[PDB]
Structures are given as C-alpha cells and as structure tokens.
Chemist: 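Quick one: the structure is below, questions incoming.
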Amino acid sequence: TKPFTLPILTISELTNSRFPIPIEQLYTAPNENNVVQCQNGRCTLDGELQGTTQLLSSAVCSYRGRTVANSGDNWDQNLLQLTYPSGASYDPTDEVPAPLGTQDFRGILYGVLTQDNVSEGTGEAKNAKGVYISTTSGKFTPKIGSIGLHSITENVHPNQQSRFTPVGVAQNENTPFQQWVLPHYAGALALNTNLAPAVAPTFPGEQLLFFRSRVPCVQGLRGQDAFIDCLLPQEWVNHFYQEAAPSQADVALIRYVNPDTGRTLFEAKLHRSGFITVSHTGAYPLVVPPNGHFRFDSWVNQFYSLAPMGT
Amino acid sequence: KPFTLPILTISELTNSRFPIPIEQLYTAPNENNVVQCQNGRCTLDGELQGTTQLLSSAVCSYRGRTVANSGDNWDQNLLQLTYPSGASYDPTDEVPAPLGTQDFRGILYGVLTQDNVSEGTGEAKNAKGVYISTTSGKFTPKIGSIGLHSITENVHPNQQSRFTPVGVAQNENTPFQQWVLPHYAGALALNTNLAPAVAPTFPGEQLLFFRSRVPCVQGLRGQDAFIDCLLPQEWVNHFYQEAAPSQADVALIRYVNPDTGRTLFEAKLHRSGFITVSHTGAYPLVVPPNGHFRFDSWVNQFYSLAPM
Ligand SMILES: CC(=O)N[C@@H]1[C@@H](O[C@@H]2O[C@H](CO)[C@H](O)[C@H](O)[C@H]2O)[C@H](O[C@@H]2O[C@@H](C)[C@@H](O)[C@@H](O)[C@@H]2O)[C@@H](CO)O[C@H]1O
Ligand SMILES: CC(=O)N[C@@H]1[C@@H](O[C@@H]2O[C@H](CO)[C@H](O)[C@H](O)[C@H]2O)[C@H](O[C@@H]2O[C@@H](C)[C@@H](O)[C@@H](O)[C@@H]2O)[C@@H](CO)O[C@H]1O
C-alpha cells in the first residue's frame, strides 16, 4: 500500500488552517473547559476533508457573494448573499456546516469588502469597505447563505458582486473573541450540522499539540494576544488530500527532527482523525530549531507510551 | 526520483504573485512586456528564485517596525522591514528584496495592524488602511524600508506592525503595471539577484499564464486589474518538496479531463519554471472544472506541440 508521509516543512514554512497567517509556534495545553471542535483545518490522515475545510488559505475566513441592503439596522446595514469562496454557487442543503472557509470561532471577524471598481477621481481606497462580521448578530446565518456586514469605514453598495478579505479579529464591549466556541452557522433557526467531531487527549499524561498563530486584533485585547490555534497546518491538510495514503493504525508516531544535528527533539502521536498529542502536563510554548521538522516514523499500537516531550 | 505535478483543478490553485485564487489560464504574445516577475519563480528541480518563498500569506505582505516620517504628506511613516516570517532582514542578503515583496509597479493597498488598543478606543482603531506605492522615493525594500501612506486612520511610530494586502489601486498619476518591476532599492540603484525574464523561443509558441483578477480599491472602473503568474504557488511548493532532477529542458504536460479521459491540450513546462503553448493571439482558455495538468514525459526544446 501507499506509504504515509508528511511534507518536509519547518515552523516558518507552515500556514494556519483557521486564519490566513503563518504558524508562529507549537503550543501544548490541557483542554480544561474548552471543547476543541474547530471546523477549518480538519482532515483525516487518509485525506478526507471535514467540517468547512477546503484547500486554499485565501478562502479561509473569506466570503464572496452579492450584497443586499438591510434597512432599519444600526449594526448590519447590509447583508452578503453567499457563494462558496471559489465562486461556485452555494445551496443550504449542501452537506456542510456552512460554506467552506466560513469562520469557525465566535466573535467578530474584521476585514475589507471590495466591490465594483470606481473611477480614479472618486478618491483614495473608496472601493475598500472596512467591516465587522459578528457571529452574535442574528444575521450571521452562513449555513442559510447569508451573513451580516457591519460597516466601519466607507459605504457598502447594495447589489454588487463583492469579496471580503479577512484582516483580523475584534473584541468590542460585549462580544468576546472565543476561538473554541463554534458559531451558530444557522443563527437562531437551526442546530449546527455536518460538524467535524470534537477532539481530546484521553491518554494519561497527554495533551493536544497546536500550531499557534497570533491573529491581528483591530479592537480590544490591549496588552494581550488574540491566539488562533489549529490542529493541522494547511500544508498538512493539502498533503493528506493529495496523497490519500491509507491509515494502517489509529496512531502514527511522528518525530520532530533537527536535520543539522540528526537528533530527535521530541516525539508525538498523529491521530488518524487528524490531530496531534504529546506527553506533557501544563500550558507550554515549544522552542524548536529553525531548520527542524516533523517526520513520520511508524504506525503504532494505540497504547504506545511517548517519551515525555519535556522542556 | 520521478518528476510529477500536483493534481489540482483550476479552482484549487493560488496565484503566486498575490494571495488570491487562480481564475483562468491565459496566453498572449509578450509584445513590449518584459516578463520577469519575481514571485512564483522556481525551477522544476525545486530551486526558488527572485523574491519567491513558500507561503501565500507572505506574498505582498510586509512586517517590521514603524518609524515616523514627519512632514511627508504621502508617506507619513516608514516600515523598517523584516522577512515576512519575522526573521531579521539585511540588505546584503542575496535577494532582490525581502521575500514576498510586491513585484509590480504601482500602488498596493492593504491594512496595517499594530499594538492592540482597548475596547473603548472604538471600532477598528488598530486597523490602518494604507497605500504602498513603488513610485514613492520611500519604496526601498532592498535597503529594508518602505513608505506607508495612511488613507485616514493614524499609523503609530515605533510599533511592531503587520501589513495585510487587500488589492491594488490606481490614482491619477500611478498606473498599475504588472510587468514593470519596482526599483527595489529606489530609482538611483540597479535591481539585483533577479530571476531571469522569460519568453517563447520556438516558432508559434506563447507563454501560458495562471491569471487572477486582483481587487482594485481605486481606479480601473469597468476594467479588470489582472495579475498573471508563471506558476501557481502550489506548483512552486510541490517542486520545492520533491526536488526531482530534471531529465531534459522541457517537460511535456497535458491538460486532461478525468471525467471523459480526454486530453484537451498540451504544453511545454520549461525547466526554469514556465509554460508555453502553441498559439498566436491573446486568448483566455476555457477548461473544464474538474480538469488538470499532468506530466507526460521529458522532451527537448524543439518538440512541436499540437496547436492549442
Ligand atoms: C456596539 C455594541 O455594543 N452594540 C450593542 C448591541 O451589541 C451588538 O449587537 C450586534 C447585533 O446587532 C452584534 O451582535 C454585535 O457583536 C454586538 O456587539 C446590542 O445588541 C444586542 O445584543 C447582541 C448580542 C444581539 O443579540 C442583538 O440582537 C441585540 O440587540 C444592543 C442591545 O443590548 O446594544 C448595542 O449597543
Ligand atoms: C495623489 C497624487 O496624485 N499626488 C501627487 C504626487 O504623486 C504621488 O506622489 C507619491 C510620493 O510622494 C507617490 O509616488 C504616489 O504614487 C503619487 O501618486 C506628486 O508627486 C510627484 O510624482 C510622484 C510620481 C513622485 O515622483 C513624487 O516624488 C513627485 O513629487 C505631486 C507632485 O507632482 O502632486 C501630487 O498631486
């Protein structure tokens, strides 16, 4: 059978699968009261995409569609009638939680809407509209094919083909950014459907290992970081999709190796459903050498005891 | 090690010159264009060139620390650059500019984010719309600095800052020119470390491009801001991973429809990392949604393609 492999990519050559920015570090922590059930960056080791996961970083937290006016509303002054980010038509009966790439965190997404081009004489960046897309709005119903746009800078024109380019998140006085609380993809109208399952270490002494990025925060979190943590980088998702190598067990043993020295820094379990655990207790940011990378070692027995990750 | 292409349809490819999807394949004669883009440059055996790196999220993005440029009515601040990864940048590095630097003349538009501000400061107050114009005397990424023109919100000096690209802009005196390279060290100095210009040399051939429409936040009313790349980012990354030795100057590739099993057309993928087709005229290709290129065989530079 086709052997399973990982791409050979260092920490600085990986992209967050939940927001279009580079991975900055590996980070482990206990779940505590978080339900870890993100919908972007979900893929099995044999290449089955799940949740709202698709292949392009440029589609993650991006939206496309046609605007419609939303009169009588001080927050969502317009709505965006959605397609898939590819431009392909979207049907709410599609077996997805929401259009692929839809944000998978509760709170406010900030970015720029672009629409019909305007003349040079109209002025600077007049076809760039700063907007908030809040999941706590009753208009956040991407499953049903529509989201609310709250304008901050420049007027959004109704009735134009429009693209939303994400820039970061925001926290206002009553809308905390909660990366592990899923949106209600159908708002008040229906329960979420078609979800990739929640994940947890169930193994003694183990914790999830995350690929961590700091997302820009355009309002709030002064002196704090808006972290977004993914289970797989986009490049791993895409690799597994390409390869479709059959999984020979529940767990692939993987090792973080330094090719300069030839040494293994630590080992981890890569689970068939597409997530990583390490042997460690406590919240801990890993320090890895710049040229280091994970490599597939072997398929292991499900009760395999990892060498402690350590400091 | 055998050479291969990734199996990816037209809607599963990313422009290597701006972080947006490829929309179509397009061929045209060079005419007076010098085709020498610096992003999306990679040999078939996996050698990155120009300002090319692996992450779409780094293309036309900048990172660094801001410094005040008081009294300049265009660039009110500068950005002292690192590599987009955050790694320190030195002008003596053997690159045309920091990896991912824009490789077109004109105005790049996007949003600068800096130190987080309190919730009570107001909506999107840590988001600064800015123009980065290559025709500014402050556009000198090779020497580690670029000019930021704030559209309205105030950019703070002395803060760690990220620029996220959104699109291009055209104002009254700054046309968007995708095949004119910036002066990476400003207008007094010559560009260095450039990936070479490419052109068709066999009779009846033209370059084939992976074409996208970039958002344009000012100008080009009723027109499209095209950005055309020689290789999608996914092909660059694939060749980098594989590092398969090239067995000849040209890889024959065929665009196939897996639903019907038929070949729609064939093309030459050159070892230096660009494609030619047999056609004369500006022409947007129509390809089936599920179609993709596949590697056929190694041939030489003289192979005569079936007309597209
Ligand atoms: C800026 C602000 O604080 N606005 C308050 C409302 O909260 C925003 O409402 C919108 C939707 O309109 C969106 O959820 C934002 O994220 C909020 O910040 C607030 O609206 C009320 O609370 C919301 C959560 C939502 O349930 C909405 O339907 C409801 O009317 C109102 C009322 O408390 O006050 C506004 O100042
Ligand atoms: C908005 C506008 O049209 N401004 C004119 C200036 O052009 C801009 O200059 C800045 C740099 O300061 C930048 O290049 C922009 O892209 C331009 O649009 C214009 O400046 C002159 O022309 C430039 C091309 C540049 O060479 C600059 O150094 C030069 O002074 C001035 C003066 O002609 O008029 C403005 O209206």
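Letters A, B, ... mirror the listed sequences (proteins, then strands); counts begin at 1.
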Chemist: Pick one of side chain, backbone, both or neither for B:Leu220, based on which atoms fall under 4.5 Å of a heavy atom in chain A.
Modeler: both

Chemist: Counting heavy-atom pairs closer than 4.5 Å to chain B, which one of A:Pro290, A:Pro216, A:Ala226, A:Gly111 comes out on top?
Modeler: A:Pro216

Chemist: With sequence neighbours left out, what residues match B:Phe295 under ring pair (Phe, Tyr, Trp, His ring centres under 6.0 Å)?
Modeler: B:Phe3, B:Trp298

Chemist: Kindly provide each donor-acceptor pair between chain A and chain B shorter than 3.5 Å, listing atom names and distance.
Modeler:
| residue | atom | partner | partner atom | Å |
| --- | --- | --- | --- | --- |
| A:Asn117 | ND2 | B:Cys216 | O | 3.2 |
| A:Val118 | O | B:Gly219 | N | 2.8 |
| A:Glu120 | O | B:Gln218 | NE2 | 2.8 |
| A:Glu120 | OE2 | B:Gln170 | NE2 | 3.0 |
| A:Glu120 | OE2 | B:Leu220 | N | 3.1 |
| A:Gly123 | O | B:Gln218 | NE2 | 3.3 |
| A:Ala125 | N | B:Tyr131 | OH | 2.9 |
| A:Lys126 | N | B:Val217 | O | 3.2 |
| A:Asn127 | N | B:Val217 | O | 3.0 |
| A:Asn127 | ND2 | B:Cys216 | O | 3.0 |
| A:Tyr132 | OH | B:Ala124 | N | 2.9 |
| A:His150 | NE2 | B:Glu123 | OE1 | 3.2 |
| A:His150 | NE2 | B:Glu123 | OE2 | 2.9 |
| A:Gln171 | NE2 | B:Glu119 | OE2 | 3.0 |
| A:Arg214 | O | B:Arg162 | NH1 | 2.8 |
| A:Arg214 | O | B:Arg162 | NH2 | 3.3 |
| A:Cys217 | O | B:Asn116 | ND2 | 3.3 |
| A:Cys217 | O | B:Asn126 | ND2 | 2.9 |
| A:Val218 | O | B:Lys125 | N | 3.2 |
| A:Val218 | O | B:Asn126 | N | 3.0 |
| A:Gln219 | NE2 | B:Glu119 | O | 2.8 |
| A:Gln219 | NE2 | B:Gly122 | O | 3.3 |
| A:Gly220 | N | B:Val117 | O | 2.8 |
| A:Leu221 | N | B:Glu119 | OE2 | 3.1 |
| A:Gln242 | OE1 | B:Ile7 | N | 3.1 |
| A:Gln242 | NE2 | B:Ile7 | O | 2.9 |

Chemist: Can you tell which part of B:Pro19 gets under 4.5 Å to a heavy atom of chain A, answering side chain, backbone, both or neither?
Modeler: backbone

Chemist: Answer whether the closest heavy-atom distance between the side chains of B:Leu55 and A:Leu14 falls below 4.5 Å.
Modeler: no

Chemist: What part of A:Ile8 gets closer than 4.5 Å to chain B, counting heavy atoms only: side chain, backbone, both or neither?
Modeler: both

Chemist: Tell me, out of A:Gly121, A:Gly123, A:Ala170, A:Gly130, who's got the most heavy-atom pairs with chain B below 4.5 Å.
Modeler: A:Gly123

Chemist: What part of B:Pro165 lies closer than 4.5 angstrom to a heavy atom of chain A: side chain, backbone, both or neither?
Modeler: backbone

Chemist: Is it the backbone or the side chain of A:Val215 that comes under 4.5 Å from a heavy atom of chain B, or both, or neither?
Modeler: backbone

